[PDB]
DNA sequence: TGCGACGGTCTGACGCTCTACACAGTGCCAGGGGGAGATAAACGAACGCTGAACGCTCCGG
């Protein structure tokens, strides 16, 4: 609320895509219109051609006379948005005139970069606040209810990036000494994510430093059984190494 | 026709890499035809809301 500048236009892509003019929300429109807006936004104001926009929205099988569909989608964007924010260059469209902090993806990138810089500088409270601000950006699943293979690719990429953000965040939480909340939320996540090995290693190191051991090795046994049932292979050697060093009761982690 | 000579025509002028680069002085606008992009509407489609309605276990007086 402290950065609510007058005349500032804010866009939301990390969840359901939305447009905010000075605090009031705009009617984005149809799901394909929303996906076109997302495709034009994530390129950081780079000119995307109409054929590439068609490929991003629809993929391999477009209808024959539906370039005018993208034309009227862009016209509806220019209706909803400013006349000058969306510019037409070389037959394509680009969302220009965006100030800093306008796009939530760029804000997340800057927050992650600042968190990494503070990790390099060793500042725990500052990077903790930066990651707290970062996690308060996306609401629910990214790109909710939009079609297209580009939308699917962005969805899975940003979900994976959020997974690594949670991994780094909670590894730092185990570094600073936050046991209870970490154990609870990682139990919830591994209930949601059954085959994510990194989060389960985080559960192992968290429970080893929290005074709880039985459910830790129970989760580990379930992990090996499910990984053998669904894949037929052996888990990563780092998980076995950390479990072995847990078994010998090494006081370095404690 | 035989003669030299006069002349044009035509050809290549061993092999490779290490190296290896680019190329410069004199007109001007109006009228008209097409297709690129924005517009607002349109015919058809399926997308939702309406809970209703059928049937099940159900705790039960």
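Residue numbers (the deposited numbering): 17 to 270.
Ideal placement from N, C-alpha and C gives every residue a C-beta, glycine not left out.
### Task
Could you tell me the distance, in whole angstroms, from the CA atom of residue 17 to the CA atom of residue 228?
For the purposes of this step, residue 17 is identified with residue 1 of the first chain, where counting begins at 1. For the purposes of this step, residue 228 is identified with residue 212 of the first chain, where counting begins at 1. Within the model, the alpha-carbon separation for residue 17 versus residue 228 is close to 41 Å.
#### Entry: Beta-carbon spacing of residue 108, residue 65 below 8 Å
Counting from one through the first chain, the residue named residue 108 turns up at place 92. Counting from one through the first chain, the residue named residue 65 turns up at place 49. Contact: yes.
### Query
Where does residue 106 sit, in a helix, a strand or coil, going by DSSP?
Walking along the first chain from the start, residue 106 turns up at place 90. In the structure shown, residue 106 sits in coil (DSSP, three-state: anything other than H, G, I, E or B).
### Residues near residue 165 by beta carbon distance below 7 Å, same chain, minus five either side
Within the first chain, residue 165 is the residue found at index 149, counting from 1. Residues of the same chain with a CB within less than 7 Å of the CB of residue 165, apart from the 5 flanking positions on each side, are 75 in chain order.
### Nearest neighbour of residue 265, chosen from 223, 248, 244, 243 [CA to CA]
For the purposes of this step, residue 265 is identified with residue 249 of the first chain, where counting begins at 1. Among 223, 248, 244, 243, the Cα nearest to that of residue 265 belongs to 223.
### Message
Please return the same chain residues whose Cβ sits closer than 8 Å to the Cβ of residue 187, not counting the five positions on each side in sequence.
### Response
Working through the first chain from its first residue, we reach residue 187 at position 171. So the list reads 218, once near-sequence residues are dropped.
### Query
Alpha carbon to alpha carbon, what distance is there between residue 113 and residue 24?
The residue you call residue 24 lines up with position 8 of the first chain. The residue you call residue 113 lines up with position 97 of the first chain. Taking the straight line from one Cα to the other gives about 10 Å.
### Task
Please list, in chain order, all residues of the same chain as residue 58 whose beta carbon is under 7 Å from its beta carbon, the five residues on each side excluded.
As a first step, residue 58 is located in the first chain; it is residue number 42 there, counting from the start. The answer, listed in chain order, is 29, 121, 170.
### Task
Kindly indicate which three-state DSSP category residue 261 falls into: helix, strand or coil?
By 1-based counting over the first chain, the position of residue 261 is 245. Three-state result, residue 261: helix.
### Query
Rounded to a whole number of angstroms, what is the C-alpha to C-alpha distance between residue 247 and residue 261?
Translated into positions along the first chain, residue 247 becomes position 231. Translated into positions along the first chain, residue 261 becomes position 245. Roughly 26 Å separates the two Cα atoms.
### Query
Which whole-angstrom value is the C-beta distance of residue 158 and residue 175, which I expect to be below 8 Å?
What you label residue 158 is simply residue 142 of the first chain in a count that begins at 1. What you label residue 175 is simply residue 159 of the first chain in a count that begins at 1. With 8 Å as the limit, residue 158 and residue 175 qualify as a contact, their Cβ atoms being about 6 Å apart.
### Message
Determine whether the beta carbon atoms of residue 96 and residue 35 lie at a separation below 8 Å.
### Response
Residue numbering aside, residue 96 sits at position 80 when the first chain is read from its first letter. Residue numbering aside, residue 35 sits at position 19 when the first chain is read from its first letter. Yes. Within cutoff.
### Cβ-Cβ distance between residue 127 and residue 149 below 8 Å
One-based indexing of the first chain puts residue 127 at position 111. One-based indexing of the first chain puts residue 149 at position 133. The answer is yes: Cβ separation under 8 Å.
### Any beta strand (DSSP E) of 3 or more consecutive residues that is wholly inside the segment 152-224
none
### Query
Is the segment 202-213 in contact with the segment 239-255, if contact means three or more CB pairs nearer than 8 Å?
yes
### Query
Between the segment 136-152 and the segment 47-57, are three or more C-beta pairs nearer than 8 Å?
no
### Message
Using a 10 Å radius around the Cβ and a threshold of 16 neighbouring Cβ atoms, would you call residue 49 buried or exposed?
### Response
Taking the first residue of the first chain as position 1, residue 49 is located at position 33. It counts as buried.
### Task
Hey, could you find the ends of the beta strand (DSSP E) residue 25 is sitting in?
To locate residue 25, count along the first chain from 1; it is residue 9. Boundaries of the beta strand (DSSP E) around residue 25: 25-28.
### Query
Do you know whose CA, among 141, 134, 178, lies nearest residue 155's CA?
Reading the first chain from its first residue, position 139 is the one you call residue 155. Closest by alpha carbon: 178.
#### Entry: Within 8 Å, strictly: CB atoms of residue 86 and residue 69
Working through the first chain from its first residue, we reach residue 86 at position 70. Working through the first chain from its first residue, we reach residue 69 at position 53. Their beta carbons are under 8 Å apart, which means residue 86 touches residue 69 by this criterion.
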